[PDB]
Each structure stands twice: as C-alpha cells, then as structure tokens.
Ligand SMILES: COc1cc(/C=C2\S/C(=N\c3ccccc3Cl)NC2=O)ccc1O
C-alpha cells in the first residue's frame, strides 16, 4: 500500500514521509496512539473533522485511514516541495507585508472553509500551516485538537497556549469564532514581526501589543483588532477580509514567483 520514509515530525503523535505504491503519490503517514485520544465520533474526532472538510487546497486532504490494535494511522496528502510556516519564518525572519497579506488571506479562506463544514480547528498557528512552495498555496494541518463548530461556549482546550485568547486563560471559557480570530491575530503578528507577541499568561491577559518591527499602521490596526480583549469587540471573518490592509491580495501563483522562487 504505502512506502514509509523519514520522520517528518513528532509530538499530537508522529508523522512520516511516504509514497503511495499505487501511483508513487507523495503522502504523509500520521500515527496517533489510542490512549491519547480523548475525543471520538467509532473513530477519533480528528478523522470526522478531516472528512467534513474534504473537497479546495487550503485544507489538508485525508486520503485514507487505518485502525490498528493501539493506534490510528492517517494518510494525508503531501506537497512537494513543502515547508511549514514556522520553519519558513524561522529561516527568513519577519515577512514583507505583501507576502504576509497573501498568506494571511489564504489562511482566512481556509478557516472560513472549515467553519462552513462545521469544523473548528482550535490550533491555528505557524506550525500547522504548510506552504506548497511551487504553487504558492497554504494548507491548514493537524485537526487533532479541533471540534465540531458550535455557537455555545467551549470549556475544553488542548491547543497551543500562547495562541489562546484571554477569556480562556482567565475563565476557561471561549466561543469558537472570536477565539479563532484571536489566534489569527497572534499569527498575523508572527508573520510581520517574526515572532509571537505574548509569552506568559499575564501578557495575554493584558493584551498590550508592542511592535518590534516596522509594521504599517493599517496592519497594526487589524492586528490590535483581532487581539481585542473583549471577544465581541473582535472583528468577524468578513470584517477582517474587508479591512484596508487586506486589499489587493496577490494570487497564490504570483506569490510564489515573487517571494518563493
Ligand atoms: C509536517 O510536515 C507535513 C505534515 C503533513 C500533515 C500533518 S502533520 C500533523 N500533526 C503533526 C505535526 C507535527 C508533528 C507531528 C504531527 Cl503528528 N497533522 C497533519 O495533518 C503533511 C505533509 C507534510 O510535509
């Protein structure tokens, strides 16, 4: 069936590079131990969520999955060549606003897709975004801490803390969309400054954003908006994409030729 390659990453489980014997298609082989899965639907919720979002290249595609005695094995698409946003920023530093605009736009489109399919990702960050270097397209990955999207309150969280909103830190309560917008705020800052704005709980609670890089006023505005302390003061996905800084986004293909080649 599949031919296993080198380990791509380890945590939310372990993920290996792979080739599908059928057609030599590049795939990724994810291994998740059953004893670590707290959410089921009988398969892990991660499988359910991935199936709901299959269609559109902004979200990672689930090609197949297998059940083993103690683990589940996920077969996911693998772009070639590819690099994740964390490594991309780590090696290249703070991104240019034009490039950050293109990336952030693609992520917004991706999360908007997840929501239409009734899925909440709950771990939006640089590490969970892959870059198809050739096509200039971004993919959202690792739905392992995500949930079915609801309009009521969430009292559980198992995503990245430094990307989590102050209402989570304070009260252990959040609503899906406003919380997503907050993490998007952290992400956009990460893109334009080369690092995340908050490290400790108290910084998150305070929500005072400092820019360590020359960033345009409009970008700072959008960032400070997504990072509003009160969830209700945060912009909606529509409000973000109608923001003046999001005007005139590049096509993914232009983005590659200008910024990736
Ligand atoms: C990591 O690189 C790739 C990931 C994916 C899909 C992945 S990787 C993932 N979770 C992890 C993240 C970091 C460490 C360990 C795990 Cl299990 N979840 C996915 O859907 C594809 C193609 C790739 O080239």
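One is the number of the first residue shown, and numbering goes on along the chain from there.
According to its header, the structure was obtained by X-ray crystallography, 2.8 Å.
Note: Cβ is positioned from N, Cα and C throughout, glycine not excepted.
If you look up Swiss-Prot, you'll see 123 marked as active site, proton acceptor, on the strength of sequence analysis. Per Swiss-Prot, phosphoserine is recorded for 55, 217.
6 residues are missing from the deposited coordinates between residue 41 and residue 42, whose CA atoms sit 5 angstrom from each other. DSSP assigns residue 217 (phosphoserine) to a helical segment in the three-state reduction. When the Cα atoms are compared, residue 217 (phosphoserine) and the residue listed as 'active site, proton acceptor' turn out to be 27 Å apart. If you take the Cα of the residue listed as 'active site, proton acceptor' and the Cα of residue 55 (phosphoserine), they are about 21 angstrom apart, rounded to a whole number. The number of other Cβ atoms within 10 Å of the Cβ belonging to residue 217 (phosphoserine), over all protein chains shown, comes to 9.
Of all the Cβ atoms in the protein chains shown, 22 others lie within 10 Å of the Cβ of the residue listed as 'active site, proton acceptor'.
Residues near residue 55 (phosphoserine) in space but far in sequence (CB under 8 A, at least 6 apart, same chain), listed by position: 113.
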